[PDB]
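Spelled out from the first residue to the last, the chains are:
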Amino acid sequence: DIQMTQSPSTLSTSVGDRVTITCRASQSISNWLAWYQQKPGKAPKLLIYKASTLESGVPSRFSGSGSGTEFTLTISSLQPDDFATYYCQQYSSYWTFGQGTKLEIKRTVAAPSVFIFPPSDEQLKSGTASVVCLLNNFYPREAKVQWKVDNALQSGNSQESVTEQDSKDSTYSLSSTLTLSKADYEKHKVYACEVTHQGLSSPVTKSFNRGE
Amino acid sequence: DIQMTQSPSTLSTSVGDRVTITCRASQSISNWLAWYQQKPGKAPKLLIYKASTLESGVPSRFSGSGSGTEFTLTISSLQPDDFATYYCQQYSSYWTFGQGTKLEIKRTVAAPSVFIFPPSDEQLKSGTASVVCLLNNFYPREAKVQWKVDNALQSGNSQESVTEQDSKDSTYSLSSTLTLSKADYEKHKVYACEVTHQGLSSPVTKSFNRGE
Amino acid sequence: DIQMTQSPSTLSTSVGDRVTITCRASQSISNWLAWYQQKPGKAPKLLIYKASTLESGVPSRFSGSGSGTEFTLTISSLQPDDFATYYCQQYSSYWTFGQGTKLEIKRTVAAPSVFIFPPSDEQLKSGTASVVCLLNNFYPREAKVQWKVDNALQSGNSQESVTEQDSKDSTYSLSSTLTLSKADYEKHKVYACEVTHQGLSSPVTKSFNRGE
Amino acid sequence: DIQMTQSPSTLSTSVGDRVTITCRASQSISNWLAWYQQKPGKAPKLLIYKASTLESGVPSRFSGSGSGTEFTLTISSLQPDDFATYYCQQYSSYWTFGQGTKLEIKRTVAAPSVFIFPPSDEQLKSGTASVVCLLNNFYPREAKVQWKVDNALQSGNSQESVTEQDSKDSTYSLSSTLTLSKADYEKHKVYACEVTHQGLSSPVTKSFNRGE
Amino acid sequence: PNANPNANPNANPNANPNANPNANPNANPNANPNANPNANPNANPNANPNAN
Amino acid sequence: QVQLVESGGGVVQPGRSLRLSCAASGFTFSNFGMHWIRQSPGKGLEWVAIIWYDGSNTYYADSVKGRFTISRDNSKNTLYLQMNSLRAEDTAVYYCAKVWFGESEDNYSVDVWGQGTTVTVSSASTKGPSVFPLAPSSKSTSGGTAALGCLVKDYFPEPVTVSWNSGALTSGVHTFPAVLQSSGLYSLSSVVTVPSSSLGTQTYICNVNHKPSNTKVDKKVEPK
Amino acid sequence: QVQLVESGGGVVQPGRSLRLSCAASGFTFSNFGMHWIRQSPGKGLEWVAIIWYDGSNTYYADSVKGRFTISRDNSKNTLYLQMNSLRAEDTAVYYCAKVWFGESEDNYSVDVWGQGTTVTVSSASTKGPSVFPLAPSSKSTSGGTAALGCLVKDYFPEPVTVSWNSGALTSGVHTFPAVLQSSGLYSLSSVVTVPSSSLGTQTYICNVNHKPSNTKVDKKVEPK
Amino acid sequence: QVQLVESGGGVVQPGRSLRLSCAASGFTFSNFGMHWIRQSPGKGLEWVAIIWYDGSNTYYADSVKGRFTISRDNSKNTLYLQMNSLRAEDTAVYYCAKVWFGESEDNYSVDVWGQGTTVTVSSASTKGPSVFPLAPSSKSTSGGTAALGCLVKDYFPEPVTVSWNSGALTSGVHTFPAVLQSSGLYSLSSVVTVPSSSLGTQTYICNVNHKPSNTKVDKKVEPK
Amino acid sequence: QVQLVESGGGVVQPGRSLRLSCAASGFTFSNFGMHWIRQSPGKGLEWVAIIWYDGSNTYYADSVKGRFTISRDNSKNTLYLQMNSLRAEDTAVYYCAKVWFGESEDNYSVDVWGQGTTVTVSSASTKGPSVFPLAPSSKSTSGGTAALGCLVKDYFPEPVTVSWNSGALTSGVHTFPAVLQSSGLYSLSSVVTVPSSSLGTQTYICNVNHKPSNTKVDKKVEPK
Amino acid sequence: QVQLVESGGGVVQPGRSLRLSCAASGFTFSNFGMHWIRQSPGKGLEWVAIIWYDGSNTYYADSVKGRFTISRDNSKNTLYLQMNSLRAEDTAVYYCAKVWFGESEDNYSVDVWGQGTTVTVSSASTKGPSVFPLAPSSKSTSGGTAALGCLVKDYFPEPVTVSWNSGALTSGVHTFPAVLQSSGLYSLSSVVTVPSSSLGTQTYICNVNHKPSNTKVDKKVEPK
């Protein structure tokens, strides 16, 4: 089973930049490598086959290179329609795809806005307690959120969700949901989410007291 | 002449189980294969044609699959009406049926009750002597009955008959009839039938003395 | 047009021998080759199709082998009913037959008895002169007969006829007929037929004088 | 073409031992060498290809090494399921197997029990005389049995048979059969088999007199 | 370094024969457009028993 | 041009079977081989099966061999994939794809992909959602901007639609993608930023709609 | 079992036409395609034509294309071969043959042949034979064995029957197969070996019979 | 999983022919090349033949070239080996084997072997065995243990079954493997150790059964 | 022998449709695949379409895919080509062609071409020609030879015939092939060399005939 | 065993072309590369061309590069050599040869040669020979032995056969190999030694035969 690996996994780039992504196979696949483009919520589209042949209808700003075990895809000048995820695919022995490289819209740094929501009384009546920490309109996407319940770190009881890049300003939003039983929830007082981001000189912490 | 073969010949199954039976042709028959269901003492009914097309009125829990020389019939969830014999039939070159697969009601193991009956005086007056060994209310059906006349094993002079699964408790009953001439019968003393069954740790032997 | 060629053209064999005849096609015919047996004065009968499938009713001592362009027919143990002519036939692209291989009854060497007959006075009165040289009961069949008219070899004015193997002793008989006009015949004196055969240590010469 | 040689031919080993077997080719076969395991009365199973690639499903305690003309198979810790015969196979130029190496169960030394049997009177009436010498429950397998008839060593008139390792105590048994005509048998008096084994300080001799 | 960049050309001209004997999965799975379009003279001339 | 339309996908319990179909148009379907390829968030893109133009040769991935059966009906121009003995990890979007045209000795892959159909293997039963308010307060106010929302918890299956004020409020709305929980039920959140000076006077109601269960819930979120 | 009976053969002048028929019995004739195959001493076995079970497709050998027409009458269970513009090289024995039953994708040939009917294309006119004696004498005697015979020359068409002494002499009789001469007339010889001690006393007469011309000749062979 | 079933093996006289078949299931037979490999006690493992997936290329060992023919029927998923002109050294167990899947430029061998079918080339005729007793005495006694047995001599072909007391006695039984003699007949022995104190009172009978000839012999072994 | 006759060609405005037919004789039409191939001066020979013997598979060139439809009527032995949405560049001579007979695994092309039918796609309306004299003078005289002619300008469609003195003068006549102008009208010249000593006495009149418009013009050319 | 049969050789005028073929049997032709090698008296043995088993690589000698083309037909098991623009020095015997089997990294050559076919490049026209007597006399006598013969001069092409007294005289006959003259015609002599005491009484006639021209000449040699 031929392993495929794409680098980088995510690449932040801007319109007009020269973009080069790489793809490596665990063994020699000769030149039998194809590149596919996929836009979010849409089916993949074929860009290149035989590692360097351009599909009919594909603009000339796309080009492929490489042979053996190392292959590269180059976009000479990025255009807004090209912001999508790109997969390589060997078809020398069966068919295996890489993890995919997503071309991200590069923009200026924006620190997140942090909001916290406590569990509603109705959900507490239902037997569950959800605490929500929201990071709004931040870039880049990388951030760290640590849950502290009376200064005690939580683990294995939270879930994260991230939006796609906003069409208007290319920012992200993230929701973190901490789920606990009503008894676990009422066995503590302070509930905080701490956020670190490269645009923040110091971590930001929001917290509430149970019952306040 | 295309040979057809079904496996398994007998399948013990329970209500709610997923059942898969297979059917193989001696040569390629493409997809021209039909499946027929037959209940005992009743005419066969068509279930599937073209190997995977469900006949109108057939519940959706039946499905077909396969092409070339290997075909399978799948029942997703067995129901009491589905206990019957299933035959495959190629119709690519003339028409040949498989031997058939009987779906048996699976239940717990029950050891047989063994009884022996000597020939009646009236039959002895008629010139023949039939000795009957009876196995009552046993499961599974596989058992071996050996006739011994003065500790001598008999062969080629006995016949076996088996009932269908009882509607109430899903057990079998078996009768073995050993037939001998009156002179052969009166030329011996002890007549025994030995029975082996998977529910019996040791073989069971019933015997009588002529005249006793 | 696929050319077919069988070797050998004639095979002398004995009862109980293992016989193998070959058949070759000018191009690849896959396995679409049939073998037919024909006895003299009778219609051909199918022996093998698909180069190796035995026709129903054909004894098991016949077998076929071969693929592509070379095929062989084997008789494991020859029986007297198998003395016949065998033709191969490709049916991959239209239908073409080989020249046929005749299985001949092998026997000991027997030298021919040589007789010469001059033209009758009635035929000379009719305007033609036929001279007949007869070789009786010889084996094998190959022999050479040369006509000499005043020690001059003749060519293009004779015709030969050979009988089939005698049912009783498997010998051949051959007639050679030299035909001439009355004027050509009466323009010479000595007329001889010389016979050579592998059973003759020296050539045999018979001759007569015109009018004697 | 390519000669293969395995060493050792037989290796006595115990559960938990580190086992290394070697295999050599008469010429360079690069790395195209496979190792196959075969249990007695059972089909061979593939263990290793390319001299060092482990087949899927093979436990990790098997490993291969070597290149060019010398190759080794190593079992880090022998397990009872691994008692079988191991064959190497070059597949660089056609396919040739080695003679095979049998892994033997090592145990303590046990001296053989020696029994001799004379020919029965019925076989002597039939015209033949077979004399049987039996060595029971001995280890290791190497032993020597010499037949002496009136103190004359026999050669070329005996046959040996060896059993596989006993499942209970891993010992061998060997039968030697001396076959003679009734006239040759009755033309002598004393018939002995002499046995030597590494567990015996002195050779053991069993003998009988003809007619005794 | 600077080895010979050409053929021998006296190399092996025969089969391996240990080359791949299986069917390459990444073969051509489409129909050859310029294949045989004529009717096959050697075809089935009988009547299918299972015909309508 | 070339068009491929998948159908047959949906929710199926583990161990049961499901048959996907792919209708092809815009080209001679019988002249081309086809692939089925699936995509899941956990494994990415994953080839499933390939079938020859005439169906003579089929190949399957190792993880599905023996359970899936690919077939085709060239008279109907339809590609089929019968999936038996489904496991939880088979949940993915399945695409049919057409092999490109090439040379006789080249290796082959796909050039045109279908629309895709989602297959969800789960033992969860159909269930309407619980809508909980995300109430704004002093702890969710920074300057003149406040955040409020609705938590749509414990529903199955996907999808659900969320609107605000019957669609009249769309600026600044962020509905997060759903996350699968350990219990097999989905949950998501929808948030909106509003002027802090408008709290208490402007009414905000979230409208959750779930067509598979015909659920419609309008939950008003009021501050504390 | 399967039986095929050909009819219609005979002598035909070059350029004329002739229609052969083949009556089939023992099987469902309308379910099988048929072949016509000919055999001649000069060319051996040579396929002529093939017809489908329903007559929809017919094929011919190149040497006969455009001159022969194969047809069939399934209501009469009869196979027909109309031969036009016959040439000298078409003289042969014509067999009808039945295609075997096989699989749908196999190639097909024939398994059962008919009896065969002889067609002789020649411009020669019907003519009785000339019988000349091959008289034994001292020049044709070796020991106690002598040879005598009859030469049956310049007859057309085939066949002729030869007997000796009205059938009383059969031991040692060799009737050679007829040979075709440049003049289009056939000729053969019949010989017998006799004890030399019987010459001059035992009467030997060859009886030649030619039904097409109603010729019956009893020729006595006397020594010289 | 992968399964291969050989059939067709048996006893054949030298010079005759024999056809072996190998039925494959559990994988796409038409996609893989196959080997026939034989094993004999005199030569060990010995490759016989190889065939390509489509039959286009076949190769044979030098010792069998020109006599054996390997073929395949991909429509029936069957591998065939027609063996002609068999010699004595061809007696062996023949296995069919499946080539493994690998890379395009690798060398190839087999990964899955069939069950195997035995072929015995001998001119010997079917013959039941002679059972002779190996009688225990003082010369085969050491302490309380004695040895007795049965010699099964001059039978053909393999195999033969030996039981003791209808199977009631299995402890201490040693049935030796058969050996081929110069006469072409096989012979073996079966021995058992018994308590010496039971001799003369406990009855020991060896039951030899030979299915190929339907031979059943019960020989009692008594001491001397 | 084999004969193919095309029909249906003519002048058609762009955007309209036209159906070409090809009648086949001399061979079994239903047993062979067929091609349509077109020829134009700008692109040379250019393959258009292919159809199987039974119509199951059809292929088209990329420049015509989706606009042309090839079909056949084996009961009428007729090949059809329906051309829709015609463009100017489709003007060409169209030939039907018969695929040759070959081996089962070979690639195939055509061996017998039809006669060809001309298709002219133009929006020009039918229009008779303007005939202008090419008058000889001192500027068109070299020695004793002079040149005169007729210019046939601005006619549509092709063709036109030009004769001299109602066909009585053919020695030295050169009618150039017509050229298509930017206006969609054709134009050509016809010239003839005459002895200069005959000018003024011998009358030369060019006779232009255009059957599509039934135009007949006899133009006299006089010197200056 | 291995057999190679060349065909296609003969007499060809300079500047014309010729195609040689080599039919192979006894081995798998498609698995082996082949050579063409030529032999002439002036150049000895001379390699001409080599072809790979699949035809992918071909090589030629420098003296023939660009004029000769080596090819093969693996479906017919036939090797071909198309020779264009033949020069006089190409007259030779051409053999096809099979490459031997070896190791993967060894260099390779040929082990089995074909029978050979003769190619003669000459502008000479077919011409019968002139037979002149070599008459014995006193100038050709030493003791009791004399010499006489026949001179076979100015014939083309090869070969010619010479016999003496219709083959009755072979003891002491020496027929010299033919020599090519400046005129492109061959010439040879045949001599025989006879007892001088037999001169004048025994008649000696040489029989020259030339099949290409059907020439037969019996020349009597008389003493002077």
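- Chain E appears in the PDB entry as Circumsporozoite protein from Plasmodium falciparum.
- According to the PDB record, the title of this entry is "Complex of Plasmodium falciparum circumsporozoite protein with 850 Fab".

- Per the PDB entry, chain A carries the name 850 Fab Light Chain and comes from Mus musculus.

Focus on the sheet that holds strand 7 (residues 68-73) of chain J
All names here are of chain J.
Okay, so step 1: Here we have four strands laid out as an open sheet, ordered 1-3-8-7, and antiparallel in their pairing. Two strands bound the open sheet, and with one partner strand each, they are strand 1 (3-7) and strand 7. Looking at each pair of strands side by side, their axes are set apart by 15° on average, direction ignored.
Okay, so step 2: With six bridges joining them, strand 7 and strand 8 (residues 78-83) adopt antiparallel strand pairing. Across the sheet, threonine 69 pairs through a bridge with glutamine 82, a residue of strand 8.

Side note on the pattern of salt bridges
Okay, so step 1: Applying the stated criterion across every chain yields a total of 60 salt bridges over all chains.
Okay, so step 2: When the shortest N-O distance is used, the salt bridge between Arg61(B) and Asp82(B) registers 2.7 Å. Of this pair, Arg61(B) sits in the loop between strand 6 (53-54) and strand 7 (62-67) while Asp82(B) sits in the loop between strand 8 (70-75) and strand 9 (85-90), and the two are 21 residues apart along the sequence. No difference in accessibility class separates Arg61(B) from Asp82(B), as the two residues are buried.
Okay, so step 3: In this structure, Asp81(C) and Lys39(C) form a salt bridge, with 3.1 Å as the shortest nitrogen-oxygen distance.

Quick word on the domain arrangement of chain A
Residue and element names in this part refer to chain A.
Okay, so step 1: We note that the domain assignment places domain 1 (4-105) and domain 2 (113-209) within chain A.
Okay, so step 2: Taking both sides of the interface into account, the surface hidden between domain 1 and domain 2 amounts to around 480 Å²; carbon and sulfur atoms contribute 32%.
Okay, so step 3: Broken down residue by residue, the surface that domain 1 buries against domain 2 is led by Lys102, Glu104 and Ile105, which jointly contribute 85%.
Okay, so step 4: Counting every contact that joins domain 1 to domain 2 gives one salt bridge.
Okay, so step 5: In this structure, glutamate 164 engages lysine 102 in a salt bridge whose closest nitrogen and oxygen atoms are separated by 3.0 Å.
Okay, so step 6: For the interface between domain 1 and domain 2, the tally reads five residue pairs in polar contact.
Okay, so step 7: The element that contributes the greatest number of residues to the side of domain 1 that touches domain 2 is strand 11 (residues 101-105), accounting for three residues.
Okay, so step 8: For the side of domain 1 that touches domain 2, the residue count by class is one nonpolar, one polar and two charged.

Rules of the game
Residues numbered from 1 in each chain as written, not as in the entry; some residues may be left out. Chains lettered and ligands numbered in written order. Part of a larger assembly, values for the part shown. Heavy atoms only, no water. Residues with missing side-chain atoms left out of burial classes, pairs and counts. Pairing = 2+ DSSP bridges. Helix = DSSP H or I, 4+ residues; strand = E, 2+ residues; numbered from the N terminus. Axes fitted to C-alpha atoms, helices over the stretch in contact; angles between N-to-C directions. Salt bridge = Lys/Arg side-chain N within 4 Å of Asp/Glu carboxyl O. Buried < 20%, exposed > 50% of the residue type's maximum accessible area, 1.4 Å probe, protein only. Domains from an automatic or database assignment. Buried area = accessible area lost by both parts, 1.4 Å probe. Polar contact = N/O pair within 3.5 Å; in protein donor to acceptor, adjacent residues only side chain to side chain. Nonpolar A, V, L, I, M, F, W, Y, C, P; charged D, E, K, R; others polar.

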